[PDB]
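Q: Protein chains in written order, with the numbering used here: chain A, 41 to 118; chain B, 17 to 114; chain C, 2 to 61; chain D, 255 to 375; chain E, 3 to 208; chain F, 5 to 28; chain G, 21 to 136; chain H, 402 to 556. Following this message is one structure expressed as structure tokens.
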Amino acid sequence: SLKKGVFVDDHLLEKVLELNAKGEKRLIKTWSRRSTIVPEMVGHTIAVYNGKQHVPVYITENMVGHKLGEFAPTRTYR
Amino acid sequence: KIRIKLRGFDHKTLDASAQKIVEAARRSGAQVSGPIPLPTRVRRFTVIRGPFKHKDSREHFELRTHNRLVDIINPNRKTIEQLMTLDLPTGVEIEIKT
Amino acid sequence: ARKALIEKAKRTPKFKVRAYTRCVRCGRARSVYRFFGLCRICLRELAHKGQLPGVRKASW
Amino acid sequence: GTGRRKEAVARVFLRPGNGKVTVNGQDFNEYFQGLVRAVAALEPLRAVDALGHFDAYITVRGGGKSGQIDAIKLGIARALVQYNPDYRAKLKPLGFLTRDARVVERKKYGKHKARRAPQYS
Amino acid sequence: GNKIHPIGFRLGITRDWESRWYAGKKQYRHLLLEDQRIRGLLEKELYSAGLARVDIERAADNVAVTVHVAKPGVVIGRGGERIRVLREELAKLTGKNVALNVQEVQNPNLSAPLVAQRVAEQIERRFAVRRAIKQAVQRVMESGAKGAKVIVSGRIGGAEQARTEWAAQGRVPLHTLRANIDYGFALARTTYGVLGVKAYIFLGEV
Amino acid sequence: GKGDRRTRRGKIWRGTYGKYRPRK
Amino acid sequence: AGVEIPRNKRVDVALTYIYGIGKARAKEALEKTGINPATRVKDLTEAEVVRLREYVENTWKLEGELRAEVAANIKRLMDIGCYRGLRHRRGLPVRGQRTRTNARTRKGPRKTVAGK
Amino acid sequence: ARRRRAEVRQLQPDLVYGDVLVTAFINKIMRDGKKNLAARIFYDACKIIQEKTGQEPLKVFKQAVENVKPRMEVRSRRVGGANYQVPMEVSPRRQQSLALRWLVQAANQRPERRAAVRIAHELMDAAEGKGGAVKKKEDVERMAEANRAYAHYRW
RNA sequence: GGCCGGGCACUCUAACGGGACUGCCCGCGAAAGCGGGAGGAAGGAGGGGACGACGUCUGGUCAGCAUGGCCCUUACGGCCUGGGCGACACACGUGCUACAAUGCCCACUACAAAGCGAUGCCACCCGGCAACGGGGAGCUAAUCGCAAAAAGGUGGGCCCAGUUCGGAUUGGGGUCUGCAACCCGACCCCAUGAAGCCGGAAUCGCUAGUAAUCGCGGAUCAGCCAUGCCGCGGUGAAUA
Ligand SMILES: [Mg+2]
Ligand SMILES: [Mg+2]
Ligand SMILES: [Mg+2]
Ligand SMILES: [Mg+2]
Ligand SMILES: [Mg+2]
Ligand SMILES: [Mg+2]
Ligand SMILES: [Mg+2]
Ligand SMILES: [Mg+2]
Ligand SMILES: [Mg+2]
Ligand SMILES: [Mg+2]
Ligand SMILES: [Mg+2]
Ligand SMILES: [Mg+2]
Ligand SMILES: [Mg+2]
Ligand SMILES: [Mg+2]
Ligand SMILES: [Mg+2]
Ligand SMILES: [Mg+2]
Ligand SMILES: [Mg+2]
Ligand SMILES: [Mg+2]
Ligand SMILES: [Mg+2]
Ligand SMILES: [Mg+2]
Ligand SMILES: [Mg+2]
Ligand SMILES: [Mg+2]
Ligand SMILES: [Mg+2]
Ligand SMILES: [Mg+2]
Ligand SMILES: [Mg+2]
Ligand SMILES: [Zn+2]
């Protein structure tokens, strides 16, 4: 994919800016999920829209998988 | 001096749009090699006849970029005279290089 | 949305990618001769109409 | 003198000597370099006797490849037969005096290939 | 059910273009997007005098709006004032040398796109549509013509069935290429809806 | 065949350059 | 030689019969061992087979070992599970090709049902 | 072919042996149009001819092209019939066009690995009896005389 | 490898012209026209195009657009951001690649045609296994680039094995575009190498430079899911 830049985002890192600053509980709603696996988030807060609601599930160190909508579905089953 | 590229779309005005320039030749002083028509290359475009639910044949039709060019070995300033006159192109763009 | 649209093509205070070829004489967002800024069917008239120079029924 | 096939254009100029036949800077046998179909263009020479009384400097350009070889067929025996009135006595007779408009036809008409129409069911 | 346009057929032959110039691919687009909004503000304004043509020439940073009519008067006006501001509206859009001209068609009963533009008003005027046709063609074939044909859309009223009104005299061939057959079209917005008219005037075979 | 990529015929048909069709 | 006996054939291609040794890694690793890529896989001395027999099974990973490593990138894939993680839990295209028509090679053969 | 009869194409004579019956053969050997490959195989096969039988790979081509010429056939045209197969006579023409065609598939139906070593390797068989070709023509021929009863309305 | 001071036979170019008309031949009877000679690059519209009567299906299309009517007018209009059109137990039409040894691969080696290039084509060296990148060329292009066409041709290796066949799938890297390729891009390298030994009932295409077959161009395009599409050429059948 990309190789120049952390191909991450910008406009909601400022909400993560304080991932090491204030006190750092949870809850954090994005929309542009294009963000790559934000690489400094332990037991944190997936909170990703997908048309529907924002999806919440854990985000641990191995979890450093791909992006964000990676763990945010958009569909239906069988 | 005398390589001059008579461009254009309109074609019957290039056998005449040049035959008239090559006669500033036989008036100014230049045993001029007449119009050399370097190859036409054409930008044709094919397009679906109907506005919905045709698809099989369409009608093509071309935009024949025509082209010619002129020459000699003799370039006096009375040449410059005629070339500022006798200009009869409806829409036949023409440039000059030395 | 049909008209409020054409002036999304003309404004582009948005990235290079958000841009395209809405026609002039009509708005068809599809099938657009680059060099006329137009449409398979708009064009195909002005031609028969002969309000486009040079173009005419081909063959070979 | 000259000949054409599939817009294969073959300039044929003939001079006497013996066994000399070269084209685009290759000897005609290293030009096709194995292609025994090819060895057949230089065969009006055989039509009435002219085995080796006429060598060949020809320059073919454009058009085919193996059909480029038939291009030297009426490039030869038509620039060649230029002299001798009594010489056409084997080119109209023996069928060797034609261009053959057998050329690839225009792909057209929403077909796949100017004939092969799409499938059907 | 086909009949491709009767001119596109004869567009580089027996009918010279309606827009004569040449432009370099890199710019041709703009020599059109500009080139029509003239035609798209002249047939608009000069409908009054009734124009059959809007031939447009150039070859530099200029213009050549040789607008044809068969009745100038309303084009030039008196002394020259409509035509004077018209050649300034034009350079209000095309910041160029808006060089205009005028014609009087030697016969209007021999311009199709007039004949059409005419009958299509008789339609907007709630008139005998068939009769309109029997006369329109009679107009043309009397003022010297080898053939002539008009064909109306196919309405007249109601809320339903729509037909087509067809009549003609002389001959109007079309698998004949050396044809020279002027064709015109015109709309006609009634309370009912739109109609059309195909104008077919056969001047002569070159 | 015109679908292996990793071949002469592979990249030729797809018309891509690669280790196996560098150029000429 | 990994875990396999390949006999009458080309060392060039023989070594490829191994999961994790392709036609490439057999010529580039043949440089390394410096053997002849055209000689049969039988004409190589016992004292010199051990070119390969100490080489490529040590240059990296392959059968068994590397075989096993491929599935670790998939147990990984139900971390949270990606869209890419799931589509083995449902046996479907993970590049994301059309799962309408075709997509057959990932989910068995046509299990046919009734219609309209 | 309802209007006229359609033209028989006169073949561009063999590019070595001069003989049209030798072009017609290499023709029915060319997959697609690589032609070069088609006449290699054939000429290759004449070389294989020389190896095994010191005859002229030309009469080896004849006592073969006429061995596998079916005398007659069953034109089962459908007039009235639920499978009426009135047999008749084979044309000089069809005799050859079939016989050629037969020899090439009969060659390709053999388990020898190099298409050259095949196409003469039974072009030899067909030549005094024998050969997948004459069989696939023997059958053919015995289909008539067996269906002789329907001679009555031959044509 | 005109690389040339010089030249317009040729080549191709690209304009305006000639040329076929059924032509003198006992076999058509007043006829028309059909034969089988001659010359011709050429014969019975010469290949083929564009062209498609009155009408027909109240066919298609109000989503290109036009347009009467009807209905919505802090919403049936407007913007944004994310999603979707890409879903998958399955059924079809069109296709692409094949199951191979007339074949598949690594070499070198020929031989086209139409077209396209100022956010181009990018010649040529550097880098890199390469995609590509750093650079930097001639470029308004018959005069430089796309470009190298592939079958072909040689010459070498595979020896009927699901294989040096087949390229699916998944793992891993890693490029260009692009604000951003999770959903969803194309490409590249490594490794995985699935179904598939010629396809039931059935069913399509073609008159010859056709079918088959081989690449190439172009449109649209930031890039691209093109195997599609219109083009163009290479080799080139069978049969009536
Ligand atoms: Mg776009
Ligand atoms: Mg030509
Ligand atoms: Mg050919
Ligand atoms: Mg072709
Ligand atoms: Mg009613
Ligand atoms: Mg109608
Ligand atoms: Mg009312
Ligand atoms: Mg392979
Ligand atoms: Mg993919
Ligand atoms: Mg999908
Ligand atoms: Mg895909
Ligand atoms: Mg026959
Ligand atoms: Mg008579
Ligand atoms: Mg007569
Ligand atoms: Mg004709
Ligand atoms: Mg869709
Ligand atoms: Mg396909
Ligand atoms: Mg196929
Ligand atoms: Mg070349
Ligand atoms: Mg640079
Ligand atoms: Mg893949
Ligand atoms: Mg960018
Ligand atoms: Mg036919
Ligand atoms: Mg292509
Ligand atoms: Mg392109
Ligand atoms: Zn349009």
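All residues carry an ideal CB built from backbone N, CA and C; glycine is no exception.
What separation, rounded to the nearest whole angstrom, lies between the Cα atoms of residue 490 of chain H and residue 472 of chain H?
A: 7 Å
Q: If you follow the alpha helix (DSSP H) that residue 38 of chain E is part of, which residue opens it and which one closes it?
A: Counting along the chain, the unbroken alpha helix (DSSP H) around residue 38 of chain E starts and ends at 32-47.
Q: With a cut-off of 8 Å, does the C-beta of residue 290 of chain D fall near any C-beta of chain H?
A: At least one chain H Cβ lies under 8 Å of residue 290 of chain D.
Q: Beta-carbon distances below 6 Å to any heavy atom of ligand 12 define the shell here; list its residues in chain order, please.
A: H:409, H:494, H:498
Q: Which residues mark the beginning and the end of the alpha helix (DSSP H) in which residue 32 of chain G is found?
A: 31-34
Q: Determine, using beta carbons only, whether residue 24 of chain B comes closer than 8 Å to chain E.
A: At a cut-off of 8 Å between beta-carbon atoms, residue 24 of chain B makes contact with chain E.
Q: Could one say the Cβ of residue 100 of chain G lies closer than 8 Å to chain A's Cβ atoms, at least one of them?
A: yes
Q: Any heavy atom of ligand 2 inside 7 Å of the beta-carbon of residue 261 of chain D?
A: Within the cutoff, so yes.
Q: So which residues on chain B does residue 59 of chain E lean against when the C-beta distance must stay under 9 Å?
A: 106, 107
Q: In three-state terms, what does DSSP make of residue 168 of chain E?
A: strand
Q: Which residues count as close to ligand 6 when the rule is a CB under 7 Å from any of its heavy atoms, in chain order?
A: E:156, E:166
Q: With a Cβ-Cβ cutoff of 8 Å, do residue 79 of chain B and residue 59 of chain B count as a contact?
A: With respect to residue 59 of chain B, residue 79 of chain B sits close: the two C-beta atoms are nearer than 8 Å.
Q: Going by DSSP, what residues sit across from residue 105 of chain E in a beta bridge?
A: E:70
Q: What in chain B is Cβ-close to residue 22 of chain E, meaning under 8 Å?
A: 26, 106, 107
Q: By DSSP, does residue 118 of chain A sit in helix, in strand, or in coil?
A: coil
Q: Quick check: residue 486 of chain H and residue 548 of chain H, are their CB atoms within less than 8 Å of each other?
A: yes
Q: How is the beta strand (DSSP E) around residue 80 of chain A delimited, first residue to last?
A: Here residue 80 of chain A belongs to no beta strand (DSSP E), and DSSP marks it neither H nor E.
Q: Whose C-beta lies closer than 8 Å to the C-beta of residue 85 of chain B among residues of the same chain, with five residues either side of it excluded?
A: 19, 20, 21, 22, 51, 52, 53, 54
Q: For residue 283 of chain D and residue 72 of chain G, what's the separation of their Cα atoms in angstroms?
A: 48 Å
Q: Work out the CA separation of residue 108 of chain A and residue 57 of chain A for me, nearest whole Å.
A: 17 Å
Q: Here's a check: name, in chain order, each residue in its chain whose Cβ is nearer than 7 Å to the Cβ of residue 261 of chain D, leaving out the five neighbours to either side.
A: So the qualifying residues of the chain are 316, 317.
Q: Fully enclosed by the region 25-61 of chain B, which alpha helix (DSSP H) runs are 4 residues long or longer?
A: 38-44
Q: Relative to ligand 8, is the shortest distance from any of its heavy atoms to the C-beta of residue 32 of chain G smaller than 7 Å?
A: No - ligand 8 has no heavy atom lying nearer than 7 Å to the Cβ of residue 32 of chain G.
Q: Can you tell me the Cα-Cα spacing of residue 87 of chain E and residue 20 of chain E, whole angstroms?
A: 24 Å
Q: Going along chain H in order, which residues have a C-beta closer than 7 Å to the C-beta of residue 294 of chain D?
A: 416
Q: List the residues of chain C that residue 95 of chain E touches, going by C-beta distances under 9 Å, in chain order.
A: Here the premise fails: no neighbours, minimum Cβ distance about 14 Å.
Q: Just to confirm, does residue 33 of chain C get its C-beta within under 7 Å of one of the non-hydrogen atoms of ligand 4?
A: Checking every heavy atom of ligand 4 against the Cβ of residue 33 of chain C, none is found closer than 7 Å.
Q: Please report the straight-line C-alpha distance between residue 149 of chain E and residue 170 of chain E, rounded to a whole angstrom.
A: 8 Å
Q: If I'm right that residue 199 of chain E touches residue 122 of chain E with Cβ under 8 Å, what's the distance once you round it to whole angstroms?
A: 5 Å
Q: Quick one: which chain C residues come within Cβ less than 7 Å of residue 67 of chain B?
A: 42
Q: Answer yes or no: do residue 50 of chain E and residue 109 of chain E have a C-beta to C-beta separation smaller than 8 Å?
A: no
Q: From the DSSP secondary-structure annotation, give me the bridge partner or partners of residue 87 of chain E.
A: Beta-bridge pairing links residue 87 of chain E to no other residue.
Q: Using 8 Å for Cβ pairs, my map puts residue 533 of chain H next to residue 507 of chain H. What's the rounded Cβ distance?
A: 4 Å
Q: At a threshold of 7 Å, does residue 162 of chain E count as lining ligand 5 (C-beta to nearest heavy atom)?
A: yes
Q: Helix, strand or coil: how does DSSP classify residue 268 of chain D here?
A: strand
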